[PDB]
Number of protein chains: 2
Amino acid sequence: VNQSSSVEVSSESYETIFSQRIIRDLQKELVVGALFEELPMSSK
Amino acid sequence: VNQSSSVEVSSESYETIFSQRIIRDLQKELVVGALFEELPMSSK
């Protein structure tokens, strides 16, 4: 916790900027969900 | 944590509000140091 200071912080939690920015990885590409055309069935 | 259901924050630190209010306990009262008077010496 940066203890070389003579007046250190309580816990590391006050030494961070919890940033709520949500990032995600590149993510699989979806190819065949929609290549195909759709038959609007209206019955079973 | 609070994994109760579906979607979870990440960690406790992301389920908490980190205040910066600072508190001190009852401390101790200082009685002696100030009771007496000073002889403004200007020399050894």
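- As recorded in the entry header, the structure was determined using cryo-EM to a resolution of 3.4 Å.

- Looking at the PDB entry, one finds chain A named Major capsid protein and attributed to Escherichia phage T5.
- Per the PDB record, the entry is named "Structure of the bacteriophage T5 capsid".

### Some thoughts on the overall build of chain A
Here is step 1 of the chain: Per the secondary structure count, chain A includes zero helices and zero strands.
Here is step 2 of the chain: With respect to the three principal axes, the spread of C-alpha positions in chain A is 75 × 25 × 10 Å.
Here is step 3 of the chain: When the accessible surface of chain A is split by element, carbon and sulfur atoms take 52% of a total near 5200 Å².
Here is step 4 of the chain: Taken as two groups, the 4 positive and 7 negative side-chain charges of chain A have centres that lie 13 Å from each other.

### Quick word on the relation of the copies chain A and chain B
Here is step 1 of the chain: Superposing chain A onto chain B takes a rotation of 180° combined with a translation of 0.1 Å along the rotation axis, leaving an RMSD of 0.5 Å. In the structure described here, the two chain copies are related by an operation that fits a two-fold rotation axis. Minimal C-alpha separation from the rotation axis in chain A is found for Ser13(A), amounting to 3.7 Å.
Here is step 2 of the chain: Same-surface contact between copies: 80% of interface residues of chain A are shared with the interface of chain B.

### A closer look at the interface of chain A and chain B
Here is step 1 of the chain: In this complex, chain A contributes five residues to the contact, which on the side of chain B involves four residues.
Here is step 2 of the chain: When the area that chain A buries against chain B is broken down by residue, the three leading residues are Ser13(A), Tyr14(A) and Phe18(A), summing to 86%.
Here is step 3 of the chain: Summed over the shared surface of chain A and chain B, the result is zero salt bridges.
Here is step 4 of the chain: Looking at the side of chain A that touches chain B residue by residue, the class counts come to two nonpolar, three polar and no charged.

Conventions adopted
Residues numbered from 1 in each chain as written, not as in the entry; some residues may be left out. Chains lettered and ligands numbered in written order. Part of a larger assembly, values for the part shown. Heavy atoms only, no water. Helix = DSSP H or I, 4+ residues; strand = E, 2+ residues; numbered from the N terminus. Areas by Shrake-Rupley, 256 points an atom, 1.4 Å probe, with all protein chains shown as cover. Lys, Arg positive; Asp, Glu negative; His and termini not counted. Charge placed at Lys NZ, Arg CZ, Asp CG, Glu CD. Least-squares fit on C-alpha atoms. Contact = heavy atoms within 4.5 Å. Buried area = accessible area lost by both parts, 1.4 Å probe. Salt bridge = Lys/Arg side-chain N within 4 Å of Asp/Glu carboxyl O. Nonpolar A, V, L, I, M, F, W, Y, C, P; charged D, E, K, R; others polar.

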